[PDB]
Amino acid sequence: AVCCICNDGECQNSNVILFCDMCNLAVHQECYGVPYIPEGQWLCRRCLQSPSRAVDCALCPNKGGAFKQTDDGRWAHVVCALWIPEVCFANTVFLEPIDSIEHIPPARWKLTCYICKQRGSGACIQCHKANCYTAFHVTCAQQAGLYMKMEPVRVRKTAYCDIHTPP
């Protein structure tokens, strides 16, 4: 079982993988922004609010995974928020609400995702390789198993198309 935000499976005992009691969402306490482990059942933000209906991500066309509410009446994947450079979290410990979506350039919405082939159905990011303009939705890149790594150089997030997967 694996955290659906960082795609890693941690046997960590303090920063554990929580399972939503209702939708079986799997996420690292620290990846989803959970202050502490509760005694009893844990519910993700989606299952706390409309447990029966699926929500849309404001930033992509995919429907599974870990969601938070935005500050403007919508929902968004934590991973989409993490990877689209203009998007923010108002609280960076609770990782919510997702905000600054209005700061995304319109250009991101005019790109075509090469994985799902859709244009205008989300905000695309692009291959980190210089002069590669191949674009993809964050969750499409994730689902397709593209290389996507987060590394702070003195946080730097780098995603690549399958041509430019790095050494």
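Residues carry their position along the shown sequence, with the first being 1.
Missing coordinates between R154 and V155 amount to 10 or more residues of the deposited sequence.
Comparing the deposited coordinates for 104 to 112 and 66 to 74, the stretch with the larger average C-alpha B-factor is 104 to 112.
Per-stretch averaging of Cα B factors for 52 to 60 and 118 to 126 places 52 to 60 on top. Based on the entry's C-alpha B-factors, the most elevated value among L43, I37, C140, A135 belongs to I37. In the deposited entry, the Cα temperature factor of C31 places it in the middle third of its chain's modelled residues.
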